[PDB]
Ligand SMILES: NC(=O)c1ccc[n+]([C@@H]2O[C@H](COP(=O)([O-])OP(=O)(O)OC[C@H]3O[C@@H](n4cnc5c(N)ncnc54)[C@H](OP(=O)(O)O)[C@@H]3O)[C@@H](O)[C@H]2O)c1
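Shown here is one chain on its own, the form deposited without the named molecule, set out as structure tokens.
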């Protein structure tokens, strides 16, 4: 419900991230009438392009119906492109002049989407700060990963940026925080009683945060290798999920009241020991099809003799009254058997058994994807003419209960949040700090010693050794 004019600046428009995620995503929001009326889109890159060009290369990506022709015409009518250089100050001054010329560009709120490489980040933020900033309206910078590789590399940038911009201006992206069920963890936990008395070490045996992809690095091992999986999905995604699951109740649903509690949790976490860790690497599958018979080292982009993991099983620990002793198992990997992002709370066994070991540990499962759902695995009396216990479940499936309700992409809701000034779902400075504090030591070690990752066949569940790190830590599987 805004009247303020808006400028959405996509830095690196000729890019692939902007051309296939950012542009299309902002189209979806323009179409669905989710953006303020007076909103302009400006793309900025070296390549000397026209709005005819940006459209030609992006439209194949808008998933547009011929009934939207008019809305498309209207969207691009509000689009412009400014060719400029990334480390040049005059190019940036032009960008600014262009914006001021836009209708009310002077008082408009500027939203800068950094769709560039991190190698560029500093130059761009330093340059935007000087030239490209509004003085009447607010200015906000949308950032993304990676936010460094080391704790030193990140604090290096965190501080550079933190010196020109405030935190109420920085919006760092962890798209998982834009995911429906991930976002649901808060209401589920804090709006429900049935899930309160049980949310502790007293009742929970262990917690599992799972990341699974059926495919692996796809002829793109080059970029990956310098990254590993931990730095790729663990330090960010998996960890964020953990927070929302372990954090205490905030004073409010307020942006920075919530974030404090997330940091509070990361601070109760001691460092990952290389004894509770289990790395793996994907070798090919001789009995498969296509890319499936190709290992990771079977990639030319892939350095010759890599100790880089494409699978990691890790046990973290939240040292406080609520979780003191409860193992948090973060199991992430590519080249696995399926696509799954989920949170799982395996509850302890019941005291005093009158059912003769017939019962199986209860479980709360939040399936981020696919098939959005929150279900409770428990025991029921075997239906019919039987008296024994049986494993059953109470479910909430978005597919049946909420058949005809579209769940938005993380970007749509996350971009929309930057338009609203809602940082609650964006990573905060101190958060990154703590995330690096935990993994940095381990990630370093993996570099000095360069351990040999356990191999696993493409389409497998990963290295068996991880499963044992699980049972050893307190996980029971039968069911």
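Positions refer to the first chain, counted from 1.
>> Going by the mean C-alpha B-factor recorded in the entry, which is higher: 81-89 or 186-194?
In response: Per the PDB record, 81-89.
> Taking only the CA atoms, which stretch has the higher mean B-factor in the record, 62-70 or 33-41?
Replying inline: According to the PDB entry, the answer is 62-70.
>> Take the CA temperature factors straight from the PDB entry and tell me which of 51, 427, 448, 26 peaks.
In response: The C-alpha B-factor peaks, among 51, 427, 448, 26, at 448.
> Among 46, 413, 56, 452, where is the Cα temperature factor highest, going by the PDB entry?
Replying inline: Comparing C-alpha B-factors across 46, 413, 56, 452, the top value belongs to 452.
>> Ranking the modelled residues of this chain by C-alpha B-factor as given in the entry, is residue 160 in the lowest, middle or highest third?
In response: It falls in the top third of the chain.
> What third of the chain, by the recorded C-alpha B-factor, contains residue 203?
Replying inline: Ranked within chain, residue 203 CA B lands in the middle tercile.
>> Quick check on the deposited entry: does the C-alpha B-factor of residue 370 sit in the lowest, middle or highest third of its chain?
In response: Its C-alpha B-factor, which the entry lists for residue 370, ranks in the lowest third among residues of this chain.
> Which third of the chain holds residue 343 when residues are ordered by C-alpha B factor: lowest, middle or highest?
Replying inline: Lowest third, going by the recorded CA B-factors of the chain.
>> By the recorded C-alpha temperature factor, relative to the other modelled residues in its chain, which third is residue 289 in?
In response: According to the entry, residue 289 has a C-alpha B-factor in the chain's highest third.
If you look for the form deposited with the named molecule bound, you will not find it shown, but the lines that follow are about it.
> Using a 4.5 Å cut on heavy atoms, which of 156, 360, 340, 149 is close to the named molecule in the deposited bound form?
Replying inline: Among 156, 360, 340, 149, a heavy atom within 4.5 Å of the named molecule in the deposited bound form occurs only for 340.
> Which of 46, 31, 433, 55 has a heavy atom within 4.5 Å of the named molecule in the deposited bound form?
Replying inline: Looking at 46, 31, 433, 55 one by one, just 46 meets the 4.5 Å heavy-atom criterion.
>> Whether 271, 386 and 472 jointly form a contact site for the named molecule in the deposited bound form is the question; each needs a heavy atom within 4.5 Å.
In response: No: no residue has a heavy atom within 4.5 Å of the partner.
> Might residue 375 be said to contact the named molecule in the deposited bound form, defining contact as any heavy atom within 4.5 Å?
Replying inline: Because a heavy atom of residue 375 falls inside 4.5 Å of the named molecule in the deposited bound form, the answer is yes.
>> Is residue 325 part of the interface with the named molecule in the deposited bound form - any heavy atom within 4.5 Å?
In response: No - in the deposited bound form, heavy atoms of residue 325 and the named molecule never come within 4.5 Å of each other.
> Should residue 184 be classed as touching the named molecule in the deposited bound form when contacts are defined as heavy atoms within 4.5 Å?
Replying inline: Residue 184: no, not in contact with the named molecule in the deposited bound form.
> Taking the shortest heavy atom distance, is residue 467 within 4.5 Å of the named molecule in the deposited bound form?
Replying inline: Flag for residue 467 set to yes.
>> Can you tell me which of 62-70, 438-446, 38-46, 419-427 lies within 4.5 Å of the named molecule in the deposited bound form, counting heavy atoms only?
In response: Within 4.5 Å of the partner lies stretch 38-46.
> Quick one: which residues from 140-158 get a non-hydrogen atom within 4.5 Å of the named molecule in the deposited bound form?
Replying inline: Contacts from 140-158: 144, 145, 146.
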